[PDB]
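Consider the single chain below, provided in structure tokens and representing the form deposited in one PDB entry.
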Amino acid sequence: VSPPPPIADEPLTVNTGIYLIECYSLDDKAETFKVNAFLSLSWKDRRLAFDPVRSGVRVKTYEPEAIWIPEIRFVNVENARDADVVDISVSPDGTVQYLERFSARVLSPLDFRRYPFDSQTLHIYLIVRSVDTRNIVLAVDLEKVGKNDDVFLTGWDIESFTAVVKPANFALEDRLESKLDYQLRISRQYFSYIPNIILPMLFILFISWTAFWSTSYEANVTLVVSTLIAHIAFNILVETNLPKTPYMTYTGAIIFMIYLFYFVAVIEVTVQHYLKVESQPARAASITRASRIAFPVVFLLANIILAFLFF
């Protein structure tokens, strides 16, 4: 089998569509997601044309091996898609209608800057390479692009699944290549981060601030050091669910800043004890009273600054 010959010198247009059946395993660390979908393909092959009257059939079914089928690949996949051909239908003018159901693990970079209040644009890049006989170009049949209502991505809200209609045509290894960009827009369900990470992290921090109403150095050291350790545990927990980024994430920024608050609270607790030992408690009392206001105030203002820089 060889590609359909051109009537003049036109390129062969392969109309494409992706209909999402399943979306699962969005792995943040790996920056991958798994997809199960219908891939539809359509092109004209004159050599397969027939007369409906003398045939007695309005449509003709073929096995993939019997006819020429464009070698369509995905750019951003780990391994080649697992595909099973569903149907191949030919109309009288030789218009081929191809349908396969496939599953693939897609590599798509994620921007963690606003995590866990982030939104992403996942990409599925469709590609075809041209042959010596003719140049093969991809198009989007919008009537064949969509997603099942039951499509759920655990921990995310699916906003839209659209295709950029104009392909990116370019040369690669002395042949032209036609690339389509299918975009799946998603937004993270931040809900669970609030009772599981955010609030627990704030509670332990506020507990360290009770040291500003205590003159007991031994108790103060216990309050600040114990909560710091619990903060380290949350830092470790958070970083294990995320990849290493060459930039600061919103959560990473807050987590890092909270260390500074623990560090300054230890300085305050130290200074307070030092003055008490030096028989200067009136002074220590002035520093401690100021700290009661300064710590929550600087914490609120630093958070307003951070939220501003990130959102």
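Definition used throughout: the rigid core is the maximal C-alpha set that superposes within 1.5 Å between two forms. Shifts are known only where both forms have a C-alpha. Heads up: residue numbers just count along the shown sequence, starting at 1.
What comes next is about the form deposited in another entry, which is not displayed.
Go through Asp157, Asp87, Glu239, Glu143 and flag the only one whose CA is off by 2 Å or more between the shown form and the other one, rigid core held fixed. Meeting the 2 Å or more criterion is only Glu143.
Does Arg188 move appreciably between the shown form and the other one, meaning a CA displacement of 2 Å or more on the superposed rigid core? It does not, since the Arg188 C-alpha is displaced less than 2 Å between the shown form and the other one after the core fit.
Using a rigid core superposition, assess whether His123 undergoes a CA shift of 2 Å or more between the shown form and the other one. Comparing the forms between the shown form and the other one, which are aligned on their rigid core, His123 does not shift its C-alpha by 2 Å or more.
Cα of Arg134 displaced 2 Å or more between the shown form and the other one, core superposed? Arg134: C-alpha displaced by 2 Å or more between the shown form and the other one.
Direction of Cα pair change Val140-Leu172 in the other form, magnitude 3 angstroms or more: Their C-alpha distance grows by at least 3 Å in the other form.
What happens to the Cα distance from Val165 to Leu142 in the other form: does it get closer or farther than here, with a change of 3 angstroms or more? Residues separate in the other form, at least 3 Å farther apart.
What parts move between the shown form and the other one when you lay the two on the core: runs of 3+ residues, each CA off by 2 Å or more? The runs that move are 4-9, 132-145.
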